[PDB]
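Engineer: Provide a 3D model corresponding to the input given below.
(2 chains, ligands or ions: 1)
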Amino acid sequence: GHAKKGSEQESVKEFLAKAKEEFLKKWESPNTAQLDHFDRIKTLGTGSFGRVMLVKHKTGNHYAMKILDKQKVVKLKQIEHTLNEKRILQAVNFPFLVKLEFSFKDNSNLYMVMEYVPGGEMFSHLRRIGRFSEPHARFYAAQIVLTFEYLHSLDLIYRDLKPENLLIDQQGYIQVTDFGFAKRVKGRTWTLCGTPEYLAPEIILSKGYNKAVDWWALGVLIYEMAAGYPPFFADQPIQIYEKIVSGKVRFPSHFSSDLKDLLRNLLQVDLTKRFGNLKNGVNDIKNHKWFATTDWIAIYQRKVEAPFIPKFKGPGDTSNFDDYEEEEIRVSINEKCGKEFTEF
Amino acid sequence: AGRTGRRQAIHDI
Ligand SMILES: NC[C@@H](O)c1ccc(F)cc1
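Structural biologist: Numbering: from 1, shown residues only, chains lettered A, B, ... in the order given. Right below this line is the structure:
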């Protein structure tokens, strides 16, 4: 054929069962700070509902503070998704997931205070250099594979994988952030959500769907990291969607045949054939030839030398992040949307 | 010919 690998599979099972017990304690039994405890330094990222800011604890430690304007979080699914994000982040623990330190609310806003990861988004490094070599892309992809193996074992789907949401830490490793689309799903779920270039076809077609959409999105991510652009690429979301549902992927001539084979099996419209979704689950991905050089345990243990280490001048350095327009926070004299956000 | 800048996720398409 193509001994340790099977003991390795028992060890995975053992790790995941222990991980599930820790998660469930925090999930069952989830206001740990206040706004005045922090100085606001710079906006690091923005979105339709607020911004993420670099802040400094008035302890000196730096954090990434996500500020959600309750009056912008107005649609039903936008509200549910915010409660999902807080409850999931306070309950998970894994080396490649950002750590939530504090959460609290006031009359106008919700706040989630996370560890500050100063290396920047993978997005800007990838767009600056064009595309990553296959060994470079593989190193990052391996961390995502392990992260999804962890999340899916807790019945969590992530649902917004893309370089914008992957931060590089001081060792060159990835930290997944932005859990706004993440959800506990034991069977299927039905919300039409995510980022157009990364949606699996079943989302677009309004079919109930499951964790296999994360594995499709991993195919999009690996392709984009190795090519510099994603496989379904068009000016307007409706055009992107048409391309996805045909699923007629063309690959750059420099992609290895091992890479193309993995991607054809991840970008598989037929769910009875999509890797990650079959009887052997994640192991069809982990044991694929494109990953034959990958030491999964050494990646988990952070023993592998990273492709590059971002440059940093000190704590609170923001040089690896782009600039955004700043807008002062205004806390209203009156409480807003207190009912919608009672569990936060 | 596609989107090269940061991409907004949609919470309910
Ligand atoms: N998309 C990433 C952006 O939301 C973000 C920037 C910086 C940060 F530390 C956390 C999150």
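Engineer: got phi/psi on residue 5?
Structural biologist: I'll assume chain A. Dihedral pair for residue A:5: phi -60, psi -40, per degrees, to the nearest 10.
Engineer: neighbours of it, how many?
Structural biologist: The local packing of residue A:5 (other CB atoms under 10 Å in any protein chain shown) involves 9 other residues. C-betas here are computed from N, CA, C, even on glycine.
Engineer: pretty sure it contacts residue A:287?
Structural biologist: Yes: here residue A:5 reaches residue A:287: they are 7.3 Å apart, a contact under CB atoms under 8 Å.
Engineer: now do the contacts for residue A:322.
Structural biologist: Going by CB atoms under 8 Å, 6 or more residues apart in numbering or on different chains, residue A:322 touches residue A:124.
Engineer: secondary structure class of it, three-state.
Structural biologist: Following DSSP: H, G, I helix; E, B strand; the rest coil, we place residue A:322 in the coil state.
Engineer: and for residue A:123, nearest residue in space, chain neighbours not counted?
Structural biologist: residue A:163 (3.9 Å; CB to CB, 6 or more residues apart in numbering or on different chains).
Engineer: what does chain B have sitting close to chain A?
Structural biologist: Within chain B, the positions lying close to chain A (CB under 8 Å from any CB of the partner chain) are B:1-4, B:6-13.
Engineer: now a PyMOL select for only the buried ones of these.
Structural biologist: Here is the PyMOL command that selects the buried residues among these (16 or more other CB atoms under 10 Å in any protein chain shown):
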select buried, chain B and resi 3+6+7+9+10+11+13
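Engineer: got a list of what the residue positioned nearest the centre of chain B touches?
Structural biologist: By CA atoms, centre = their mean, the mean C-alpha position of chain B lies nearest to residue B:7, the distance being 3.3 Å. Going by CB under 8 Å, 6+ apart, residue B:7 touches A:162, A:164, A:195-197.
Engineer: please apply the same query to residue A:125.
Structural biologist: Counting by CB under 8 Å, 6+ apart, residue A:125 has contacts A:168, A:308, A:310.
Engineer: run a quick neighbour tally on the residue nearest to residue A:123.
Structural biologist: So residue A:163, with other CB under 10 Å, has 20 neighbours.
Engineer: in terms of contact, does it touch residue A:223 like I think?
Structural biologist: No: between residue A:163 and residue A:223 there is no contact under CB under 8 Å: 11.6 Å.
Engineer: who touches both of those two?
Structural biologist: Contacts common to residue A:163 and residue A:223, judged by CB under 8 Å, 6+ apart, are absent.
Engineer: identify each buried residue in stretch A:234-246, please.
Structural biologist: A:234, A:237, A:240-241, A:243-245.
Engineer: for it, output the C-alpha coordinates as CSV.
Structural biologist: Extracted in CSV, the C-alpha atoms of stretch A:234-246 (Å, rounded to 0.1, in the frame of the first residue of the first chain):
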residue,chain,number,x,y,z
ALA,A,234,-16.0,38.0,-10.7
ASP,A,235,-17.0,41.6,-10.2
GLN,A,236,-20.5,41.1,-8.9
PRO,A,237,-21.8,38.7,-6.3
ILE,A,238,-24.4,37.3,-8.7
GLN,A,239,-21.7,36.4,-11.2
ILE,A,240,-19.6,34.8,-8.4
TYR,A,241,-22.6,32.7,-7.4
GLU,A,242,-23.2,31.4,-11.0
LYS,A,243,-19.6,30.3,-11.2
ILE,A,244,-19.8,28.5,-7.9
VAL,A,245,-22.8,26.5,-8.7
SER,A,246,-21.4,25.3,-12.0
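Engineer: burial measure for the residue lying closest to residue A:247 once chain neighbours are set aside, as a count.
Structural biologist: The shortest distance from residue A:247 to any non-neighbouring residue, by CB to CB, 6+ apart, is to residue A:269 (4.2 Å). A count of nearby residues for residue A:269, using other CB under 10 Å, gives 16.
Engineer: assumed residue A:269 was part of a strand.
Structural biologist: No: read with three-state DSSP, residue A:269 is coil and lies in no strand.
Engineer: now chain A against chain B: closest residue?
Structural biologist: residue A:233 (3.3 Å; CB to the nearest CB).
Engineer: helix or strand for the spatially closest residue to that residue that is not a sequence neighbour, which one?
Structural biologist: Distances taken as CB to CB, 6+ apart place residue B:2 nearest to residue A:233, at 3.3 Å, with adjacent residues excluded. Here residue B:2 sits in a region with no helix or strand, counting by DSSP states H and E.
Engineer: is it true that residue B:2 touches residue A:231?
Structural biologist: No: checked against CB under 8 Å, the pair residue B:2 and residue A:231 is beyond contact range at 10.2 Å.
Engineer: what strand or helix carries residue A:317?
Structural biologist: Using DSSP H and E, no helix or strand contains residue A:317.
Engineer: and the nearest residue to it once chain neighbours are set aside, what does it touch?
Structural biologist: Leaving aside its sequence neighbours, residue A:317 sits nearest to residue A:118 (CB to CB, 6+ apart; 5.6 Å). Residues in contact with residue A:118 (CB under 8 Å, 6+ apart) are A:169-170, A:310, A:312, A:317-318, A:320.
Engineer: any quick ChimeraX command for the buried ones out of the residues you listed?
Structural biologist: Those of the contacts of residue A:118 that count as buried under 16+ other CB under 10 Å are selected in ChimeraX with:
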select /A:169,310,317,318,320
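Engineer: so can I have JSON lines of the contacts of residue A:118 showing distance to residue A:105?
Structural biologist: Below are the contacts of residue A:118 laid out as JSON lines (distance: CB to CB, whole Å):
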{"residue": "A:169", "distance to residue A:105": "28"}
{"residue": "A:170", "distance to residue A:105": "31"}
{"residue": "A:310", "distance to residue A:105": "33"}
{"residue": "A:312", "distance to residue A:105": "32"}
{"residue": "A:317", "distance to residue A:105": "29"}
{"residue": "A:318", "distance to residue A:105": "26"}
{"residue": "A:320", "distance to residue A:105": "30"}
